[PDB]
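In the block that follows, a single chain appears as structure tokens, in the form deposited without its partner chain.
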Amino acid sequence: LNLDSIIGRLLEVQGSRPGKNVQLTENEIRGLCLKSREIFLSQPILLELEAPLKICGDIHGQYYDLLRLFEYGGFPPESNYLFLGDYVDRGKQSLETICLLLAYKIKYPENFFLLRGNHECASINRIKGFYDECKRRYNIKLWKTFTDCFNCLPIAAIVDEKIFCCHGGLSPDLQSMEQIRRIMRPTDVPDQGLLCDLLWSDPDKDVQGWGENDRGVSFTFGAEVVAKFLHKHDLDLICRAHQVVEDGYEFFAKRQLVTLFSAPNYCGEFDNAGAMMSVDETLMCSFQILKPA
């Protein structure tokens, strides 16, 4: 697997008209999936990470915005990175997006990290775009290969014992971090339970305790649920993604939770910015922001 050739071709379109494809070979992408899958399984499902690092929310196949994020934040390994999931679907270039991310994971496995979003799940990305991209530009066997890889992604991360990170949010079934560590891989995303909630739940300002989620999956949780979680586990901040927010980032529960969304102008019918959170050595948070067009 010629990793540097793959990364070079993926980065070659920097400065091109947004939309220009990078078409790797089928064997190259299969190798990216197989090798990254091995690395994901070799690392904990609950990552224990160190600052400084940069944290990114949803990308949803907006490959040229991913390139802008790296241009702003420093291409790996000049900065350490944690991504919070939802790499595919909706956008036009899920394939270039996920291939660059997997290539950086293989090249910099201790300095580059990917969590699982609810779209890294076959039943979701069958309908929402990624299956169609694979069928058109490669074949469905490659889509299954991607699925096998997604099923091994880690689910959450803790930065310096203080910042808890996942795609969705908290769970009424999450009482101990050991519950996350005991989750076995590979796995699909179940329709209920701890793993589902970590990828699907949402914070809600108008909810007390746990409420019903409008997505039809998982729950909503209020500010008191966040405060109790931080106190019980001696944490300072929940960092999650999953929801479009106008500024690219949005604090919640007196800045005890932050939502990150890194795909600007989402789907075309969203005038949102995309944001990336910079976490310095003392865990102080700042933002780099792709303003809407």
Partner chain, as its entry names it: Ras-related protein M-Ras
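Residue numbers count along the first chain shown, from 1.
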query: 26-34 or 225-233, whichever carries the higher mean Cα B-factor; finding: 225-233
query: 276-284 set against 14-22, stretch whose average Cα temperature factor tops the other in the entry; finding: 14-22
query: Member of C152, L198, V217, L84 with the greatest C-alpha B factor (per the PDB record); finding: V217
query: Deposited CA B-factor, highest of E78, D148, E71, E212; finding: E212
query: Relative C-alpha B-factor of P52, binned into the chain's lowest, middle or highest third; finding: lowest
query: Entry-reported Cα temperature factor of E178, expressed as the chain third it lands in; finding: highest
query: Ranked C-alpha temperature factor of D204 among modelled chain residues, by third; finding: highest
query: Third of chain Cα B-factors occupied by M184; finding: highest
query: Within-chain third of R240 by Cα B-factor, per the entry; finding: lowest
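Another form, the form deposited with its partner chain bound, is not on view; read the next lines as being about it.
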item	value
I106 within 4.5 Å of its partner chain in the entry with it bound, heavy atoms	no
Its partner chain contact in the entry with it bound: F150, any heavy atom under 4.5 Å	no
